[PDB]
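Colleague: Give the three-dimensional model of this entry:
(3 chains, ligands or ions: 7)
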Amino acid sequence: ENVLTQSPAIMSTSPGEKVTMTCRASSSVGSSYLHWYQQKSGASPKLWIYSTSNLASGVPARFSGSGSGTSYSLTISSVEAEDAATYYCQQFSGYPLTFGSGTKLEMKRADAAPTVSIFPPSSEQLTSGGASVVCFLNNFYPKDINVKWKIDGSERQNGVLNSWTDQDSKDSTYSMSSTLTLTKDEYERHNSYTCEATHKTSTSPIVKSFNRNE
Amino acid sequence: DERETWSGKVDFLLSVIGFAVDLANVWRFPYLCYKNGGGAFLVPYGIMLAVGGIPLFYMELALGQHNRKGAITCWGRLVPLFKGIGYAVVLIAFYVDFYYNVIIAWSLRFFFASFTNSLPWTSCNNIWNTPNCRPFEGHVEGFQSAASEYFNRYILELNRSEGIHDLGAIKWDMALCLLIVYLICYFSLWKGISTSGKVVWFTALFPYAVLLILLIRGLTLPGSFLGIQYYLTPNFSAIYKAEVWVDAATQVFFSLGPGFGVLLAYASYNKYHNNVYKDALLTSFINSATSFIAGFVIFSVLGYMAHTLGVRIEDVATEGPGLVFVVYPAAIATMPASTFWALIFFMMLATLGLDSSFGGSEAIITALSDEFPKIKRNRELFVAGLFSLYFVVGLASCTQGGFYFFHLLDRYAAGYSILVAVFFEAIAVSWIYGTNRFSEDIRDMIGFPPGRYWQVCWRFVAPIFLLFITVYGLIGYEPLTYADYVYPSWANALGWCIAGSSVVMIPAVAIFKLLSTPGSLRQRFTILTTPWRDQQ
Amino acid sequence: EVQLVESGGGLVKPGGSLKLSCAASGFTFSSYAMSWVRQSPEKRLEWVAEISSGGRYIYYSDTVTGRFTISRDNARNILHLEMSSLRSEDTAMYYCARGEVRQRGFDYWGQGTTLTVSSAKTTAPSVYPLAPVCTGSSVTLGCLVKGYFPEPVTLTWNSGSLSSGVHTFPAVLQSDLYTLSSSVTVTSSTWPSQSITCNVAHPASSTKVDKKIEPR
Ligand SMILES: CC(C)CCC[C@@H](C)[C@H]1CC[C@H]2[C@@H]3CC=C4C[C@@H](O)CC[C@]4(C)[C@H]3CC[C@]12C
Ligand SMILES: CC(C)CCC[C@@H](C)[C@H]1CC[C@H]2[C@@H]3CC=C4C[C@@H](O)CC[C@]4(C)[C@H]3CC[C@]12C
Ligand SMILES: CCOc1ccccc1O[C@H](c1ccccc1)[C@H]1CNCCO1
Ligand SMILES: OC[C@H]1O[C@H](O[C@H]2[C@H](O)[C@@H](O)[C@H](O)O[C@@H]2CO)[C@H](O)[C@@H](O)[C@@H]1O
Ligand SMILES: [Cl-]
Ligand code: NA
Ligand code: NA
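Modeller: Numbering: from 1, shown residues only, chains lettered A, B, ... in the order given. Ligands and ions are numbered 1, 2, ... in the order given. Let me share the structure:
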């Protein structure tokens, strides 16, 4: 089986810049059997380049491709925001048919600190046994963010669900939702809850908290 | 599971190139240009080559590679009702080896006759000569040239035979030559493709070397430009004529040899995913290209004859064996270093024939080997049993009236037989088997379907193209004649049996296979129209 | 012009069987070889099976071989993949992709249809309104969808009248249950000047609820 590996796995690019990405195969591939697919987030794949030099219909001229044997590459001359997607190389040379591991393209953007919001458990939720306090960290860049939950000043590391949105096609930022879930009896045993977001923008962590009684 | 395959790809190409390129590329195509309006002739020649010529050539190559079997089995597995086509093609190939190999014998006879400081056919003062001998070719029948009388009264001794009824003695100098040819064929074909594949390296390539130096030697002779003028000077008044298109249609078909079972055999040893579309386009091209070059070879020398030797172009511009065994050797005898040009010419003529004989024989061997495993392991003995049958009956061509026998087979054996055979080959593959079914097979091999162009040709153009040739072949038909001699009615009837014995296999096998299956009439047709692949 | 619609598919218990279909339109279906390609929830593409124009040549990946059967109807222009002995590894978005030419690749894809193979049981979510504990310019609200299965769920705000300032997070699977949340921000003048609701749909459990956000 002929496995196609792509690198980089992920890459960020400032618009107008030049991006190159490679696809290398364990076994040689006929230059006419190698193809590229662009898949935008939440959409199905689209044929992009085929035969490795040949653009498909609707594909702008900024895209090009080259390679032979076990080594191929996709290049974008001047990158745009509508170019942000995951790119997949494919081998039609022989069966079984294989797809590359993919290269995810993202846009560079100016660093922006997040905005933290805390949301204590709803009464509808507190009628049943459970209590879930959630935190929203919004519109920050770059992607990596770190959340810490503290109960009355002592860190809680357990029972947390974190979710990241895909990069925004408008402001090119990310967002995260952190949800700490615990039984009500434990929610009533402590009077204070804190959500702290560590990000490269701030030396000190951005913090937001709320007190039980209020 | 396993079947033998070509060692290296070049061997396959050289085998196909070899079978395709032969004396007809030399002694026919150039003449047709001269007669048909020169450069103009290329238009109908080109179109015919494109619409009917290449598609049929391509088709059989793809079939050969896809079904992976020889002629008999392959047409059995395709349209069982039409399996008869396999037998027709194999028989035709069988008949053709009987005569065609003798042309090579002549080439070798001249080659062996060619070591001298002075070539025997130059003058009129020898013993085989007649008081009517001329130095070079003329327009009167009773007075022949020196080269003509040499070939006729010495090599052939055709003057001593009153017709086909009287063959006369057996020339054992010719028998020797014919044996040597079959010996070569045997040691080429007995071990299969592993050998014959690399023998064609010499036999397919050598002609191009000799074409190269004969081309230079030709174009550096006085009056060589006059030759080229006669050859290629465009006249488009011919294009309106149907006879030209027929001549182009006929030449293209018989030069390429599509559906002859040879291409099928060769391609059957191909690797499944080999690209046969490229192989067909390159191989076809090289065939016609070779004919084109050869025209320059011939007509350069033919111009030099009309210039320095004072002979009318009409007389020296000829087709068939007459051209290479009389007219050309005549010019060679005049120019310096004559012994050199004569030796390589007759060697080229031989290696030109050999390539094609291999293919013809191979089509037969492969076809039978697949249908009868009994003879498949015994092959080394089998072709010996074959070439022995060839040589024995081939002795009839080595007699003094042997040309009369040769000329008989040439008109009858493969002429109208292969046309109807290939016509059913087209109808089978398209109307019965289906183009979509066929196109799908090709996509599996080379990865992409045949363009709508190829699909139209295989279906509508091919049959009409074949039918077009067949109709005008019948229209212009005349009883068999050579020179002043007229073959007896019983002789023509004999040829028609030979012509009809192959073709009759198509309906014979159909009727027979039809009565040997159970079920209704329409229920039996579906059984005989179902491909072997679909039954798995 | 040419369109491809994948249909069938949903939750199935391991070992089960399901038949996927693809409705082809806008071209001559008969003349083109089709193929099934799947994408795992880890977003990895994997080719599954190819069928010829006339279905006379079939190729499978070693992973589905003997379990999956690819099929054609050129009369009704439908592509079929019938699956059996389903494992959890079979869970993916299944794509219907066309191409007749190995040298040009797959030039058209369907929207895809989602197959989930789990022993887990279908359960409806519980939607919790998220309101601030106790400026401007912008306030932020939220919706918590917890404990549901399988996916998907459709979550919009006020019937989809707000597309702006809304961040709806992808659901994460924990212990055979999905949890999903969404954030929406507006001006302090806009809320609670008007009552804003979060509406969630989960057809699998046939559960459609609207939750109005009210200040505590
Ligand atoms: C002016 C005339 C005499 C020139 C003759 C051209 C000769 C050299 C041409 C004619 C056909 C050609 C061959 C056609 C087939 C192949 C197959 C390819 O895989 C290798 C090259 C090879 C073997 C070619 C070599 C050159 C060739 C032999
Ligand atoms: C005169 C000698 C030297 C060359 C003769 C011309 C030959 C080689 C040319 C003339 C017309 C040509 C054809 C014109 C049309 C097509 C259709 C295209 O989709 C494939 C190539 C094909 C099939 C061409 C093959 C080459 C061709 C047959
Ligand atoms: C039918 C198989 O073809 C041949 C069989 C025996 C000897 C030569 C053969 O060559 C073909 C041929 C020649 C003359 C008459 C019929 C058939 C080839 C000769 N080269 C081009 C294609 O036709
Ligand atoms: O016995 C027949 C032999 O005759 C030829 O030999 C000729 C030769 O062609 C010629 O050039 C020479 O001058 O005379 C001899 C015979 O006298 C053939 O070459 C031989 O193959 C024949 O066996
Ligand atoms: Cl020719
Ligand atoms: Na020829
Ligand atoms: Na030959």
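
Colleague: Would you tell me which strand is longest in chain A?
Modeller: With residue count as the measure and DSSP state E as the assignment, chain A has strand A:63-76 as its longest strand.

Colleague: residues in contact with that one?
Modeller: Contact with strand A:63-76 is made by A:18-29, A:31, A:34, A:36, A:48-49, A:52-55, A:62, A:77, A:83, A:87, A:89, A:103, as judged by CB atoms under 8 Å, 6 or more residues apart in numbering or on different chains. Where you see a C-beta, it was placed from the backbone N, CA and C, and this is true even at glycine.

Colleague: and the closest residue in space to residue C:25 that isn't next to it in sequence, how many neighbours?
Modeller: Closest residue to residue C:25 apart from its sequence neighbours, by CB to CB, 6 or more residues apart in numbering or on different chains: residue C:3 at 5.2 Å. Neighbouring residues of residue C:3 were enumerated by other CB atoms under 10 Å in any protein chain shown; the total is 12.

Colleague: now swap in the one 3 residues further on and tell me
Modeller: Applying the criterion other CB under 10 Å, we find 24 residues in the vicinity of residue C:6.

Colleague: can you tell me which residues contact the closest residue to chain B within chain C?
Modeller: Per CB to the nearest CB, residue C:102 is where chain C lies closest to chain B, at 3.5 Å. Applying CB under 8 Å, 6+ apart, we find residue C:102 in contact with A:33, A:92, B:447-448.

Colleague: ok, now residue A:133?
Modeller: Listed by CB under 8 Å, 6+ apart, the contact set of residue A:133 reads A:118-121, A:179-180, A:187, A:193, A:195.

Colleague: tell me, what residue is most central in the chain?
Modeller: Using chain A. Most central in chain A under CA atoms, centre = their mean is residue A:166, positioned 5.0 Å from the mean C-alpha point.

Colleague: returning to what we had before: what does the residue nearest to residue C:25 show for phi and psi?
Modeller: The phi/psi pair for residue C:3 (degrees, to the nearest 10) reads phi -130, psi 150.

Colleague: burial count for whatever residue of the stretch 301-450 of chain B ends up closest to ligand 4?
Modeller: Among all residues of the stretch 301-450 of chain B, residue B:339 sits closest to ligand 4, at 10.6 Å; criterion: CB to the nearest ligand atom. Here the number of neighbours of residue B:339 (other CB under 10 Å) works out to 15.

Colleague: what about the helix or strand it falls within and ligand 6, any contact?
Modeller: In this assignment (DSSP states H and E), residue B:339 forms part of helix B:338-371. No. Using CB under 5 Å from the ion, no contact is recorded between helix B:338-371 and ligand 6, whose separation bottoms out at 8.1 Å.

Colleague: Which positions in that helix come out as buried?
Modeller: By neighbour count, and taking 16 or more other CB atoms under 10 Å in any protein chain shown as the criterion, the buried residues in helix B:338-371 are B:338, B:341-371.

Colleague: now swap in stretch B:491-498 and tell me
Modeller: Under the neighbour-count rule (16+ other CB under 10 Å), stretch B:491-498 has B:491, B:494-495, B:498 buried.

Colleague: buried set for stretch B:512-521?
Modeller: Of the residues in stretch B:512-521, those buried under the neighbour-count criterion (16+ other CB under 10 Å) are B:513-514.

Colleague: can you check stretch C:64-82 too?
Modeller: C:64, C:68-70, C:72, C:77-81.

Colleague: Alpha carbons of it, as PDB, please.
Modeller: As requested, C-alpha coordinates have been extracted for stretch C:64-82 and formatted as PDB (Å, rounded to 0.1, in the frame of the first residue of the first chain):
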ATOM      1  CA  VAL C  64     -13.700  -3.200   3.900                       C
ATOM      2  CA  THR C  65     -13.100  -6.200   1.600                       C
ATOM      3  CA  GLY C  66     -15.600  -9.000   2.000                       C
ATOM      4  CA  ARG C  67     -17.800  -6.900   4.300                       C
ATOM      5  CA  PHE C  68     -18.700  -4.200   1.800                       C
ATOM      6  CA  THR C  69     -20.400  -4.500  -1.500                       C
ATOM      7  CA  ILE C  70     -20.400  -1.700  -4.100                       C
ATOM      8  CA  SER C  71     -23.300  -1.600  -6.600                       C
ATOM      9  CA  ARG C  72     -24.800   0.300  -9.500                       C
ATOM     10  CA  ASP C  73     -28.200   0.900 -11.100                       C
ATOM     11  CA  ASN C  74     -27.700   2.800 -14.300                       C
ATOM     12  CA  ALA C  75     -31.400   2.800 -15.000                       C
ATOM     13  CA  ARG C  76     -32.300   4.900 -11.900                       C
ATOM     14  CA  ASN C  77     -28.800   6.500 -11.800                       C
ATOM     15  CA  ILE C  78     -28.100   5.400  -8.200                       C
ATOM     16  CA  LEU C  79     -24.900   4.300  -6.500                       C
ATOM     17  CA  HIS C  80     -25.100   1.800  -3.600                       C
ATOM     18  CA  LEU C  81     -22.800   0.700  -0.900                       C
ATOM     19  CA  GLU C  82     -24.200  -2.100   1.200                       C
END
